[PDB]
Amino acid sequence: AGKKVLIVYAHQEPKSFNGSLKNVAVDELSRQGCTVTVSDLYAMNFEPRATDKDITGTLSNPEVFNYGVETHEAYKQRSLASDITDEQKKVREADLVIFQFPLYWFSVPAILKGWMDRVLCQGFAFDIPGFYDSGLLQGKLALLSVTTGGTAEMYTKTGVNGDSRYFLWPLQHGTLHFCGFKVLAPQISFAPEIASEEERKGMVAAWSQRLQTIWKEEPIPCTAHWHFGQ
């Protein structure tokens, strides 16, 4: 205490189940006295494509464009597009980053994928070496709050979709752990469109209630064993 939270939110419709989860998060964290910022990606028309427009200085190799090389250089030089550096400041200052989104093809919506591809650049979020437990965002927490079309039963080892933890791997491990975050347990709200009124109201209050005690949680062990079992 005090703490800063950044909610990276990816939904088009403010009256949605995602919008309600993001709003109870802002309400609950604000009530506790935390500092809260929301990056509402669709509302910002956030640029998801990794292009040469993300660099505004002299290119290190202006004959063969390599996005990774040019963004890492631009980061050190401070010539990245300012939409990227606005996001990096929010992440740099945050103690906790919550990503709020509907599952799209077992992953994040593209607009949010583009935030991860463009904001978590080398130099800022990781270095080579300086990744996983040595990633540059070490000491920060991150949490996925995901909604699905598919039911909890569908997302079991024997269900048609495989276990829910399987689709978490690229995001929790390959992205967040890689940058050094400690990952808190995912919040997964299954199948709200199918749920009843009471069940949807229960899922919102469960999230709200879990946030009351978020600062007391331990991270998951972000390993293959946690994601896949043995």
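Quick note: we count residues from 1 along the sequence shown, nothing fancier. Take the two forms, superpose them, and find the largest set of C-alpha atoms that agree within 1.5 Å; that set is the rigid core.
In terms of root mean square C-alpha deviation after superposing on the rigid core in 9 other deposited structures of this protein, the stretch standing farther out between 187 to 195 and 56 to 64 is 56 to 64.
Comparing 3 to 11 with 220 to 228, the higher mean C-alpha B-factor in the PDB entry belongs to 220 to 228. Relative to one another, 149 to 157 and 75 to 83 have unequal mean CA B-factors, and 149 to 157 is the one with the higher figure. Residue-level inspection of the entry shows that, of 50, 179, 38, 195, 195 has the top Cα B-factor. Highest CA B-factor among the listed residues (26, 184, 44, 205): 205.
Looking at the C-alpha B-factors along this chain, the one for residue 171 belongs to the lowest third. The entry lists a Cα temperature factor for residue 117 that places it in the lowest third of the chain's modelled residues.
When all modelled residues of the chain are sorted by CA temperature factor, residue 104 is found within the lowest third. Residue 124 sits in the lowest third of its chain by CA B factor, as recorded in the PDB entry.
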